[PDB]
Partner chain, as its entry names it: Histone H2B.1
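Here you get one chain, nothing else, as structure tokens; it is the form solved without the partner chain.
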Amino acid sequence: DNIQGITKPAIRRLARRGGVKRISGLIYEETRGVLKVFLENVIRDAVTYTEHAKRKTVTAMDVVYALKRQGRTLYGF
């Protein structure tokens, strides 16, 4: 609903860590929304490896292969 997983100071820290000097007040909602989607796409795909491989506990490695499946971005050739 309105449940969030990252705090506003958390967001400024990550922005700072990315080299961002200043941030619009509108960035908080957008960052969080972006984080909802990312998490959805990963968790959904991770549910596959647990449920079609029969288990009830999602392992560390359940998420790992789910992550390997998301497409990896590099910054050169």
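Residue numbers count along the first chain shown, from 1.
The mean Cα B-factor in the deposited entry runs higher for 36 to 44 than for the other of 23 to 31 and 36 to 44.
Of the two stretches examined, 53 to 61 and 5 to 13, the record assigns the greater average C-alpha temperature factor to 53 to 61.
Beyond the structure shown, there is the form deposited with the partner chain bound, which is absent from this document and is the topic of what follows.
With contact defined as any non-hydrogen atom lying within 4.5 angstroms of the partner chain in the bound PDB entry, the contacting residues in 43 to 77 are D45, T48, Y49, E51, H52, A53, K54, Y65, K68, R69, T73, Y75, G76, given in sequence order.
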